[PDB]
Structure formats: C-alpha cells, structure tokens
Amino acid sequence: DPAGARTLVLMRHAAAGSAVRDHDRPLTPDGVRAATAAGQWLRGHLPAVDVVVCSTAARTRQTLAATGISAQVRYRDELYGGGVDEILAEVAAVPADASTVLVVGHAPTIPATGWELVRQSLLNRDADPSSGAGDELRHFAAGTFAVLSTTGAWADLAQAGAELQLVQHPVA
C-alpha cells in the first residue's frame, strides 16, 4: 500500500525589520544568519528539495535565498496571509513526483498547518486522542521549520495528514 514517504518542510521566515510597506520588510542581519543556518541544516540532513512554495513577501523570498536551496520555486501571493487550506491547496498542486517540498511562509498559518497535518495523521492511525503529538509546534519563532513525512500523494495531504519528524529552532 504505501510505496515510500514524501518529506514536507514547513518554514516560518526568519526575523525581519521595518519598511514602509509590510510586504517589503527585509530580513534583519540576525534573520539572515538564522536562515543561512537553516539552509545548511536542510542541505546536510534531508533529501534535496525538489519544489519550494514561497510567499511573495521580501522576507520569505530572502529567507529562501539565504538557505542556498536551488530548486524550482512557486512564488504565491496566497502564502502571504493565506490560511491552512490555502497553503495545503498550493502544496497539493506541486509536481506529483516531487519527493521533498519546502514551504516558506508566515505564522500563525505555518505552525497551524503542521498541527492540523499531525492531528489528521493521528486520526488515520487510530491513535489515542489524548496524544500530545504536535505539541513540539508550540514554539515556532521566526526561522523555525518542521519536517513532516507522509505516505499520501501531495494532492491528498489534507486527508492523509503527515507525521512530525522534527522541529528545528533558529540558532541565530
């Protein structure tokens, strides 16, 4: 039945400064360091990212740039303030044979998305409904990412859910 797991990385952009338009706010120097560290970790520890879905905001674009990940990128205004359902609709639309997908977006939606996927996966696995699975997402500062795994096709992610593997917190 399953035939391999797909890897989903849900990232909140790194720390950003001030600008006269919110969408133009740049990373701070500490946010650049945090995004750089996150990229180094991702490229050293996970399969190469195949597809990135990224908010059009400067800070999300810049976070991606700082990671050093070269992949096909889908920039989406839907990720600039979209909710869980919008983020999942965009993940569902990626090339189906992608093995590893990175999402670079904003809180609160990014951690909420992870949490919903975890709870759906619990349900599908007939887990104990008092399970604390997903509680690691309770801290999700700028630059954090969660790594999840699913056996479902990308299109089916909302129904299939995903299991949380790790949450990597910013180190700068």
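Each residue number is its position in the shown sequence, starting from 1.
- Stretches 57 to 65 and 116 to 124 differ in mean CA B factor, with 116 to 124 having the higher one.
- Relative to one another, 158 to 166 and 7 to 15 have unequal mean CA B-factors, and 158 to 166 is the one with the higher figure.
- Across the residues 109, 36, 28, 144, the deposited record lists the maximum Cα B factor for 28.
- Sort the modelled residues of the chain by CA B factor and residue 133 lands in the highest third.
- In the deposited entry, the Cα temperature factor of residue 20 places it in the highest third of its chain's modelled residues.
- Annotation for residue 71: CA B-factor lies in the highest third of the chain's modelled residues.
- Sort the modelled residues of the chain by CA B factor and residue 91 lands in the middle third.
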